[PDB]
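Report on one structure; see the data block that follows.
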Amino acid sequence: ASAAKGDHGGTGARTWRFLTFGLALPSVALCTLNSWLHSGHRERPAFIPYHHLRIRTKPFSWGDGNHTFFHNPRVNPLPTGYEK
Amino acid sequence: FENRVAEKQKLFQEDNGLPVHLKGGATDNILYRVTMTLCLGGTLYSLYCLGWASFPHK
Amino acid sequence: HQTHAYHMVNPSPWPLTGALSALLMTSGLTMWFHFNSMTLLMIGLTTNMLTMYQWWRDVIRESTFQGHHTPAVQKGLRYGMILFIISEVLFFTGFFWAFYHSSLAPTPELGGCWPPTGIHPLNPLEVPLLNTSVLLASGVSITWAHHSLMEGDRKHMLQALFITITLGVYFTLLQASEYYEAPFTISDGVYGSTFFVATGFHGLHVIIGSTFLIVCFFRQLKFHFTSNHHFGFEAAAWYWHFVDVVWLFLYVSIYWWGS
Amino acid sequence: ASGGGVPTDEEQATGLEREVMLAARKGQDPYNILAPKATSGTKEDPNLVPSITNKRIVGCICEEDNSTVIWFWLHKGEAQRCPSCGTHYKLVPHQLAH
Amino acid sequence: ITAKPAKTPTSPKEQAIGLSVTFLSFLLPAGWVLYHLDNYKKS
Amino acid sequence: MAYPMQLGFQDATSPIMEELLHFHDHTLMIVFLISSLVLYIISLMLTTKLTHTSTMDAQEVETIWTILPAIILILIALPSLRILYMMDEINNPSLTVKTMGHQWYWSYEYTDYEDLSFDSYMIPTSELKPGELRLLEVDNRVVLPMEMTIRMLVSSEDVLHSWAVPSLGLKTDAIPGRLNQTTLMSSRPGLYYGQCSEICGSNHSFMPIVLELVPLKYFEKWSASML
Amino acid sequence: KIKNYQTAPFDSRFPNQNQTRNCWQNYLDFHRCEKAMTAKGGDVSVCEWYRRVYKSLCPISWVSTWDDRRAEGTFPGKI
Amino acid sequence: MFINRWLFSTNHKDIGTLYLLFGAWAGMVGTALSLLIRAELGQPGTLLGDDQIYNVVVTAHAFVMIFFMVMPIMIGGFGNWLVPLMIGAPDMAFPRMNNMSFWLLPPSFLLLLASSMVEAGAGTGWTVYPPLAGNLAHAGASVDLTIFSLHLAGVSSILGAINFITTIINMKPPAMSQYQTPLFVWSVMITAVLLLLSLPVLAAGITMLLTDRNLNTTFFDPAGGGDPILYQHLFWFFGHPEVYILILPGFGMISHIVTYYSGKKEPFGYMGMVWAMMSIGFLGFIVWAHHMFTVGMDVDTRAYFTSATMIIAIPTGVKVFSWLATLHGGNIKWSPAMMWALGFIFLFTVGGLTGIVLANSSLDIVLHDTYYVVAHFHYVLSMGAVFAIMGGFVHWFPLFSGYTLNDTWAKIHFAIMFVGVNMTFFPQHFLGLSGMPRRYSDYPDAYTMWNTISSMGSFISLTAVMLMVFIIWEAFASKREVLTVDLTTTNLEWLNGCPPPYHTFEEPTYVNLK
Amino acid sequence: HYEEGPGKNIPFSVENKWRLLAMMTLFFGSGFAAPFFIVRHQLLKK
Ligand SMILES: CCCCCCCCCCCCCCCCCC(=O)OCC(COC(=O)CCCCCCCCCCCCCCCCC)OC(=O)CCCCCCCCCCCCCCCCC
Ligand code: HEA
Ligand code: HEA
Ligand SMILES: CCCCC/C=C\C/C=C\C/C=C\C/C=C\CCCC(=O)O[C@H](COC(=O)CCCCCCCCCCCCCCCCC)COP(=O)(O)OCCN
Ligand SMILES: CCCCC/C=C\C/C=C\C/C=C\C/C=C\CCCC(=O)O[C@H](COC(=O)CCCCCCCCCCCCCCCCC)COP(=O)(O)OCCN
Ligand SMILES: CCCCC/C=C/C/C=C\CCCCCCCC(=O)O[C@H](COC(=O)CCCCCCCCCCCCCCC)COP(=O)(O)OCC[N+](C)(C)C
Ligand SMILES: CCCCCC/C=C\CCCCCCCCCC(=O)O[C@H](COC(=O)CCCCCCCCCCCCCCC)COP(=O)(O)OC[C@@H](O)CO
Ligand SMILES: CCCCCC/C=C\CCCCCCCCCC(=O)O[C@H](COC(=O)CCCCCCCCCCCCCCC)COP(=O)(O)OC[C@@H](O)CO
Ligand SMILES: CCCCCC/C=C\CCCCCCCCCC(=O)O[C@H](COC(=O)CCCCCCCCCCCCCCC)COP(=O)(O)OC[C@@H](O)CO
Ligand SMILES: CCCCCCCCCCOC1OC(CO)[C@@H](O[C@H]2OC(CO)[C@@H](O)[C@H](O)[C@@H]2O)[C@@H](O)[C@H]1O
Ligand SMILES: CCCCCCCCCCOC1O[C@H](CO)[C@@H](O[C@H]2O[C@@H](CO)[C@@H](O)[C@H](O)[C@@H]2O)[C@@H](O)[C@H]1O
Ligand SMILES: C[C@H](CCC(=O)O)[C@H]1CC[C@H]2[C@@H]3[C@H](O)C[C@@H]4C[C@H](O)CC[C@]4(C)[C@H]3C[C@H](O)[C@]12C
Ligand SMILES: C[C@H](CCC(=O)O)[C@H]1CC[C@H]2[C@@H]3[C@H](O)C[C@@H]4C[C@H](O)CC[C@]4(C)[C@H]3C[C@H](O)[C@]12C
Ligand SMILES: *N(C(=O)NC1CCCCC1)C1CCCCC1
Ligand code: CUA
Ligand SMILES: [Cu+2]
Ligand SMILES: [Mg+2]
Ligand code: NA
Ligand SMILES: [Zn+2]
């Protein structure tokens with residue numbers, strides 16, 4: 001490909017700055033717009049004690065040894081089901 | 001800010017026979033002794049931990 | 001006197017302290033994992049930080065201050081960095097191999113399907129796409145920083161490098177948020193396993209790359225870099241691209257194709 | 001869109017890096033970064049081997065594309081010949097650092 | 001290769017001593033452990 | 001089983017193992033030839049006062065010692081691959097038996113019709129009956145019909161194990177969560193031995209496999225009574 | 001009826017040494033079939049083949065485990 | 001001054017020395033471990049206990065011989081000592097990082113000793129396969145300490161590889177092309193590239209095992225949808241290249257020893273030797289599954305791996321025949337070193353050839369996990385690798401120390417070891433064909449004779465090891481200082497005297513470009 | 001700067017052949033003995 005733009009006669013500092021502010025950052029702003037729009041907590045799914053999930057072959061070296069490191073009560077059930 | 005590299009160049013090229021890790025002054029000495037103490041101490045501590053775990057506590 | 005351009009390094013204690021810090025951390029993790037104690041691990045991490053700081057400090061002293069980095073010494077450092085990145089790539093290779101092995105032939109325990117039964121994948125068009133535009137954008141800004149530095153523009157080099165770092169931090173925060181919002185955990189089978197371990201390690205590389213960039217930032221402020229000699233910056237930038245590229249693969253494989 | 005403030009090598013290079021740079025500028029090579037071009041190697045036109053002492057190890061690649069290199073100490077004095085191809089080498093002692 | 005005469009010659013007697021000491025340093029400790037192997041197995 | 005002072009392979013009990021004995025003989029000859037050729041050449045180079053220390057040209061003899069070995073390899077690969085594919089041939093078995101490896105014994109399941117299954121443990125040295133083989137006897141043998149194509153499925157319920165029977169040329173790893181297949185066909189009636197072939201802990205050396213090959217008829221009665 | 005089964009015949013879909021899927025597939029197929037028939041008012045006897053096959057190939061413990069899970073509601077497979 | 005020199009070193013020679021000392025000590029540990037194995041197998045019955053303690057010994061024997069003896073000696077020892085001297089370099093590119101490669105080893109070795117001290121040790125085999133290595137069949141710290149030991153050993157090697165490759169590419173005389181560097185230098189670089197590419201995969205794999213054992217991941221656990229066979233692939237992808245990593249530097253030394261004692265100024269077919277090491281190194285990355293012929297793979301896959309594995313015999317053949325062509329027409333000096341090199345050429349070929357037997361998946365079904373494999377690898381390692389180390393050791397000892405060894409004693413040592421190793425491993429081919437499995441503390445009665453002879457052979461080897469320690473003492477005790485060495489015109493490492501000064505090549509060599 | 005030449009480029013002393021014999025005997029003897037004692041250690045735990 002060749003993109004859809006042009007320059008190339010001499011790729012220098014001004015050109016890359018132009019790309020930072022004119023392409024790169026605006027793209028980040030659009031994806032920031034889209035993301036903080038499609039967010040919103042999705043209704044947590046019903047708990048089913050599936051044997052291939054919530055694995056516990058050895059307790060974690062922290063807490064009560066049953067909570068994952070970034071455990072989120074709202075969405076991460078314990079092997080026995082969601083928390084109170 | 002101002003460019004003070006020249007000063008630092010002078011200090012580090014100063015012929016005092018000091019190895020680069022201590023050529024910056026007394027602080028280097030301190031940091032070194034702290035580092036070395038932690039390493040040697042922790043290592044000793046680690047040997048103790050090994051000795052402890054080597055035997056059954058039934 | 002020497003009539004060659006190579007660097008004869010002053011006897012240093014850093015290799016030993018680093019070696020010992022390695023022993024303290026591995027020993028430390030074992031102590032943590034089995035004898036419920038973090039003391040050793042704590043000391044290990046500390047001596048390690050101390051070692052790295054002093055070791056690289058000396059490297060800056062030997063180069064910027066002592067002039068030991070002749071074109072030949074610098075040429076060697078380029079090779080060293082390229083070889084280092086290569087081994088880091090191969091390390092990831094093992095993880096991508098694990099991912100593809102598990103995802104292409106889902107076992108009966110997963111319900112013979114991918115993603116496994118009971119796993120609800122994040123949407124690749126949401127935070128993952130954002131994360132992607134963030135890293136790609138930092139790639140553009142770091143390139144502007146490089147050209148600014150080569151063109152002798154101090155202000156704009158600092159400006160661009162700062163933007164790059166912010167983006168790296170932004171990515172790191174977004175990813176930590178995602179880890180917390182994720183309905184699945186590392187304990188959720190081979191899917192959780194491959195996901196967090198791969199993106200986990202990549203997350204760590206991003207943190208390291210960022211730190212490297214920050215070091216360059218401060219060395220820039222202190223005028224360490226000349227418009228023609230700034231290998232520390234070049235290495236940090238190569239490392240940054242490496243990190244960016246690994247993300248693209250994670251994105252395409254785990255987040256997009258793997259959902 | 002542009003400005004300055006970043007040092008140059010000419011303004012900031014120090015130590016050996018600086019010497020190599022200055023030497024290179026004069027068209028010299030005190031730090032052996034370049035490979036010396038050979039003379040005819042005859043008794044009359046020997047290869048001049050710079051040195052800072054009274055002897056220097058010489059490596060002779062007798063014929064182009066040879067994989068074996070002939071090594072020997074070239075001493076101060078009468079020209080010596082490669083034990084393999086017989087080309088001549090003569091040591092031309094000291095200086096470098098004024 | 002050419003070399004100078006031994007600066008501190010090791011007589012045949014001396015060599016018997018080094019050899020014997022060397023062999024024993026390997027053989028003794030091991031032999032002791034191996035000897036008491038039954039005293040270890042059940043104790 | 002192996003006999004005292006055995007040098008080669010245990011006698012072939014299946015057509016495939018026979019095939020392998022012949023292939024191994026073929027291979028071993030080449031190995032012997034090449035190794036003795038090399039030892040000979042070494043002694044030839046070291047037994048003459050004549051010398052030639054000047055530069056020797058290589059782009060000529062390298063052709064010889066590149067093409068020759070290449071040919072020799074093809075001479076080994078052909079019959080090797082013929083036998084490999086032969087082992088993969090579709091055969092359509094008359095019976096299917098499963099074996100699960102456990103720490104430290106094997107369990108067997110003949111579930112084609114009835115739900116027959118049993119554990120197979122090594123007979124302790126102290127409880128061996130006179131004439132019985134130390135470390136090799138098991139309480140319950142794997143009774144199977146002779147001269148019939150049997151499908152053996154292997155797996156494990158804990159760590160890895162490997163189900164092997166040398167006289168038949170068999171060795172299939174017992175991996176938990178996996179079902180490995182192999183075909184068994186004994187040309188003769190008898191007792192055929194094997195041992196766990198994958199490190200599995202404390203008693204890896206003590207969990208043998210003993211097959212009892214009998215005529216179809218006896219196999220049937222045996223099935224019935226093992227209910 | 002069209003039976004007289006000895007053992008599970010070679011299945012061209014699973015021609016290699018790894019038969020894990022062969023057992024799995026047949027176990028699935030049987031319980032899927034048994035479901036639709038017990039559903040639409042039909043005879044489960046048509047599902048007989050798959051039961052024989054998975055019976056032959058599947059280790060007792062796998063079948064047992066799978067059966068226990070279908071009952072518990074935690075069977076990962078789609079039936 | 002002592003600490004500055006031996007603990008804060010930045011000198012390639014001193015670092016190489018430290019490596020030699022470490023490897024020598026490690027070799028004693030591995031020998032002790034090997035003797036314990038043969039003692040247990042010396043007579044039917046149980047000597048130490050069940051398979052657990054026995055396999056903790058078998059596992060340790062392997063890690064120690066491989067990671068602490070062979071690699072430190074060949075790569076860290078001979079590599080650091082000779083590479084700079086052979087290209088006329090003042091030192092290595094990253095002299096400080098080099099020092100760290102060394103200091104990571106004692107810690108790494110410590111973790112290994114720890115692992116065997118705590119709990120019931122790690123009786124897993126050096127391959128450390130799950131589930132046996134998992135937190136259920138091997139609960140406790142043992143296996144975790146073993147993984148950590150490998151991690152440290154791995155970083156040490158990766159750091160060393162980065163240093164060697166950079167030094168060899170960037171620090172040769174300006175006029176010297178890569179096609180003008182000695183074969184040992186080539187061997188070291190190729191080994192380094194193999195390390196750089198393979199160890200990271202190993203690291204990935206043992207990390208996944210660590211997390212399965214400690215963070216509830218299920219990479220190799222079917223319950224979570226994992227696969228024990230995934231581990232085997234990751235392990236062996238590193239494991240095969242590793243065996244080539246263990247032999248390549250040996251190939252390099254053999255080329256130098258054979259050329260030297262043949263009174264030749266160069267090895268036969270230099271470019272053919274370079275091509276051969278590169279091909280071997282490459283092929284070594286695409287043949288790993290030959291260690292998994294019984295796990296149950298598709299027939300096509302097994303046919304590919306049989307073929308790819310056999311091809312390696314071609315480049316290896318070129319090397320063997322070239323060493324013979326180097327001996328051809330030479331004024332042979334029957335030195336102890338030459339003897340080790342000749343034994344190497346023969347014994348290695350044997351082990352390589354039986355390696356070719358095993359490459360046939362068909363036959364491997366029956367030979368896999370039997371003593372035939374143990375016989376194959378001990379010929380190439382305990383005879384190949386080890387003989388290259390011994391030959392290199394006696395040849396260069398005078399260079400490193402400044403003293404000469406007693407030649408007659410060295411010849412006696414060679415003879416004892418030769419008998420020992422052959423008596424130990426030859427009969428194992430028999431035990432293999434007849435079905436004796438690997439990793440067994442006891443065996444059926446029929447295997448008694450060969451196991452008895454093998455163990456006797458191992459004691460002979462022990463006598464040889466003890467003798468060598470004495471011989472090294474006698475050299476240092478008598479102090480016969482070196483005067484002159486022959487063939488220096490084609491052996492640059494000797495040109496600075498014995499031992500060379502702390503700093504060599506302060507003034508680089510002179511090399512015309514013409 | 002450091003000592004150079006035979007017997008000086010090493011971390012142990014070779015001044016006295018007997019003191020040296022002792023060093024070497026401890027050095028290699030310790031390495032060789034280690035496995036035996038660890039085995040004893042393991043048998044003495046249970
Ligand atoms: C130590 C115990 C020995 C027991 C011996 C046999 C007793 C037989 C009774 C009675 C004998 C007759 C009745 C039984 C016949 C059985 C035939 C069989 O089933 O057949 C298969 C069997 C038996 O094979 C044989 O048919 C035995 C072959 C023996 C070759 C020996 C070379 C020995 C050299 C030096 C002595 C050994 C140590 C050094 C070995 C050094 C490496 C070879 O199993 C093998 O395949 C074993 C070998 C595996 C491959 C090694 C390959 C390269 C080896 C040597 C090349 C040397 C070349 C130069 C020539 C040799 C130069 C040195
Ligand atoms: C380099 C590798 C190496 C070496 C040299 C050896 C050497 C020996 N090995 Fe082994 N061995 C392995 C690597 C090695 N081994 C591996 C990887 C395994 C498999 C592990 C597993 O199954 O998991 C194994 C397995 C193994 C088994 C099979 C265990 C089983 O399946 O139950 C046996 C059995 O007899 C054995 C015996 C021996 C013996 C008696 C020696 C003797 O020949 C040793 C004699 C002494 C030496 C060769 C040491 C000499 C070197 C030095 C001491 C350096 C000296 C100092 C200087 C020069 C400076 N080894
Ligand atoms: C120094 C170490 C070393 C080296 C270089 C090799 C080299 C080779 N190895 Fe081996 N190997 C090991 C160490 C080594 N190996 C170890 C440690 C194991 C077991 C690991 C474990 O499970 O613990 C092992 C296991 C092993 C296996 C697995 C067996 C099993 O577990 O069932 C196989 C399979 O193919 C094999 C093959 C080969 C081959 C084909 C070579 C080839 O590279 C050899 C090529 C050499 C020659 C062929 C000889 C010289 C050539 C000629 C004279 C030319 C003419 C030849 C012909 C025409 C054939 N090796
Ligand atoms: C913010 C993004 C960046 C990620 C990293 C940041 C913080 C975590 C701390 C260290 C991580 C460094 C590397 C990755 C190692 C393990 C995977 C971690 C990735 C991670 O952080 O995964 C988390 C799991 O945490 C866990 O167990 C983690 C448990 C933490 C202990 C670390 C375990 C130490 C093991 C390291 C092995 C070292 C070997 C490496 C050797 C390299 C070569 C020699 C995910 O959280 P969760 O609740 O399960 O699911 C989310 C549900 N809401
Ligand atoms: C599905 C899997 C998922 C995982 C995927 C994850 C990530 C993707 C992978 C990669 C992307 C990452 C980063 C890319 C960005 C920058 C890298 C830096 C490159 C750079 O910018 O390189 C420059 C030039 O090219 C040079 O080096 C050229 C010289 C190179 C020298 C070093 C190489 C030496 C090593 C061995 C040599 C190999 C030999 C080849 C022949 C073998 C035949 C088989 C710097 O100069 P220098 O060293 O002085 O050389 C002088 C030659 N001009
Ligand atoms: C699977 C196993 C494979 C089996 C291997 C088979 C081995 C090959 C067997 C024979 C090879 C034949 C090569 C013939 C070359 C002639 C030898 C000769 O004589 O060597 C030189 C040729 O140079 C040259 O090729 C250089 C010198 C000779 C070059 C070749 C010598 C090496 C041959 C191999 C050495 C033995 C190792 C064999 C390995 C198995 C001599 O030079 P000229 O006469 O011009 O000058 C002398 C002056 N005049 C003119 C007055 C006489
Ligand atoms: C690379 C260029 C050279 C080209 C040669 C080709 C070699 C490798 C690339 C091919 C990879 C894709 C092939 C997948 C297609 C088959 C799908 C499949 O299903 O394969 C799967 C595994 O593939 C997997 O993970 C595959 C995982 C990858 C393994 C390959 C290892 C090499 C990686 C290291 C290279 C470093 C590169 C640096 C990166 C820039 C599972 O195995 P099966 O046996 O089917 O089990 C199913 C049974 O139930 C029935 O028998
Ligand atoms: C929470 C955060 C903590 C996490 C742990 C890791 C922390 C930080 C890692 C970030 C790496 C910082 C590295 C800074 C390096 C500074 C030294 C430097 O950049 O040194 C430069 C050389 O390159 C060189 O050595 C290049 C040196 C390359 C090193 C980069 C490699 C990354 C290493 C990661 C190691 C992690 C280990 C963890 C162990 C458990 C100096 O040469 P120039 O720049 O040309 O200067 C000369 C001019 O002034 C002349 O005019
Ligand atoms: C379970 C936990 C396992 C933990 C294992 C940890 C092992 C070690 C931890 C401590 C190591 C950190 C301390 C700093 C190391 C810096 C090496 C460095 O920066 O070395 C440089 C060379 O490599 C270059 O450039 C290019 C390459 C730079 C490589 C940087 C070092 C990274 C270490 C990799 C280990 C990562 C471990 C994995 C962690 C996730 C500089 O070369 P020197 O010889 O110094 O000097 C030469 C002079 O001319 C400089 O003026
Ligand atoms: C695999 C490597 C090992 C190879 C085999 C070792 C070779 C022989 C070593 C001899 O060593 C010893 O001999 C003893 C017996 O001869 C012991 O003494 C013991 O036995 C006695 C006499 O029977 C007593 O007098 C003492 O109390 C005693 O403990 C014992 O201490 C030991 O040092
Ligand atoms: C190779 C590169 C990487 C090297 C290894 C990586 C090192 C990772 C360190 C992890 O350490 C931690 O461990 C903990 C456990 O000890 C935590 O505390 C916690 O754990 C507890 C102790 O049981 C609780 O009291 C608390 O709630 C708390 O979350 C914790 O925050 C975190 O810092
Ligand atoms: C061309 C190249 C280097 C020659 C040089 O520039 O000196 C040489 C070195 C080794 C040679 C190879 C090795 O000798 C091995 C092979 C020998 C066969 O005679 C031809 C192909 C063969 C694969 C050779 C092809 C080519 O002549 C190679 C690759
Ligand atoms: C063994 C490995 C898969 C490892 C894993 O299961 O994770 C697989 C992936 C791709 C396979 C390769 C590719 O599918 C291409 C080739 C296909 C042929 O039928 C066999 C050899 C062949 C060269 C394969 C060998 C082997 O089975 C490979 C390399
Ligand atoms: N990886 C590596 O050094 N890259 C990163 C890893 C995270 C911490 C900073 C460096 C290694 C490559 C070789 C194998 C082990 C990982
Ligand atoms: Cu079961 Cu070994
Ligand atoms: Cu291999
Ligand atoms: Mg196996
Ligand atoms: Na025994
Ligand atoms: Zn010449």
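Easy rule for this one: first residue shown is 1, then count along the chain.
Recorded method for this deposit: X-ray crystallography, 2.2 Å.
Cβ atoms here come from the backbone N, Cα and C positions, even for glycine.
Under the heading topological domain 'Mitochondrial intermembrane', Swiss-Prot lists C:33-38 (among others). Cβ atoms under 8 Å from those of the topological domain 'Mitochondrial intermembrane' (C:33-38) belong to no residue of the same chain, restricted to positions at least 6 beyond its ends.
Per Swiss-Prot, the feature topological domain 'Mitochondrial matrix' maps to C:65-70 (among others); the stated evidence is experimental evidence. Residues in the topological domain 'Mitochondrial matrix' (C:65-70) partition by DSSP class (helix H, G, I; strand E, B; coil) as 1 helix, 0 strand, 5 coil.
Feature annotation from Swiss-Prot assigns topological domain 'Mitochondrial intermembrane' to C:104-126 (among others); the stated evidence is experimental evidence. Within its own chain, the topological domain 'Mitochondrial intermembrane' (C:104-126) is flanked in space by residues 178, 182-184, 188-192, 251, 255-256, 258-259, which lie at least six positions past its ends and keep a Cβ under 8 Å from the stretch.
Only residues 6 or more beyond the boundaries of the topological domain 'Mitochondrial intermembrane' (C:182-188), in the same chain, are considered here, and those with a CB under 8 A from a CB of the stretch are 118-120, 122, 195-197, 200. The feature topological domain 'Mitochondrial intermembrane' is assigned by Swiss-Prot to C:182-188 (among others), with experimental evidence given as support.
What Swiss-Prot records for C:222-230 (among others) is topological domain 'Mitochondrial matrix', and it gives experimental evidence as the kind of evidence.
Sequence-distant contacts of the topological domain 'Mitochondrial intermembrane' (C:255-259) (same chain, six or more residues past either end, CB-CB distance under 8 Å): 99, 103, 114-115, 121-124, 128. Summarising the annotation, Swiss-Prot assigns topological domain 'Mitochondrial intermembrane' to C:255-259 (among others) and lists experimental evidence as the type of evidence.
Positions annotated as transmembrane segment by Swiss-Prot, on the basis of experimental evidence: C:14-32 (among others).
Among the features that Swiss-Prot reports, transmembrane segment is placed at C:39-64 (among others).
If you look up Swiss-Prot, you'll see C:71-103 (among others) marked as transmembrane segment, on the strength of experimental evidence. When Cβ-Cβ distances below 8 Å are used as the criterion, the transmembrane segment (C:71-103) is approached by residues 5-7, 114, 190-191, 194, 197-198, 201-202, 205, 229, 231, 234-235, 238-239, 242, 246, 249, 253-254, 258 of the same chain, each at least six residues removed from its ends.
With a cut-off of 8 Å between Cβ atoms, the residues of this chain six or more beyond the transmembrane segment (C:127-150) that come close are 156-157, 159-161, 163-164, 167-168, 170-171, 174-175, 177-178, 213, 220, 225, 227-228, 230, 233-234, 237, 240-241, 243-244, 247-248, 251, 255-256. Positions annotated as transmembrane segment by Swiss-Prot, on the basis of experimental evidence: C:127-150 (among others).
Sequence-remote contacts of a segment are chain residues at least 6 beyond its ends whose Cβ falls under 8 Å from one of its Cβ atoms, and for the transmembrane segment (C:154-181) they are 122, 127-128, 130-131, 134-135, 137-138, 141-142, 144-145, 148, 196, 199, 203, 206-207, 209-210, 213-214, 216-217, 220-221, 240. Residues or ranges marked as transmembrane segment by Swiss-Prot on the basis of experimental evidence: C:154-181 (among others).
With a threshold of 8 Å between CB atoms, the same-chain residues lying at least 6 positions outside the transmembrane segment (C:189-221) that come near it are 56, 60, 64, 88, 91-92, 95-96, 98-99, 102-103, 109-110, 114-116, 119, 142, 149, 154, 157-158, 161-162, 164-165, 168-169, 171-172, 175-176, 179, 232-233, 235-236, 239-240, 242-243, 246-247, 250, 254. According to Swiss-Prot, the feature transmembrane segment maps to C:189-221 (among others).
Under 8 Å from some Cβ of the transmembrane segment (C:231-254) lie the Cβ atoms of residues 60, 69, 74, 77-78, 81-82, 85, 88-89, 92, 96, 99-100, 124, 128, 131-132, 135-136, 138-139, 142-143, 145-146, 149, 164, 168, 194-195, 198-199, 202, 205-206, 208-209, 212-213, 215-216, 219-220, 224-225, all in the same chain and six or more residues away from its ends. For C:231-254 (among others), the entry in Swiss-Prot reads transmembrane segment.
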Chain residues in Cβ proximity to the topological domain 'Mitochondrial matrix' (C:65-70) (below 8 Å; excluding those fewer than six residues from its ends, i.e. six or more beyond)
5-7, 77, 229, 231
Beyond the flanks of the topological domain 'Mitochondrial matrix' (C:222-230) by 6 or more, those residues with Cβ under 8 Å of it:
60, 64, 69, 74, 149-152, 216
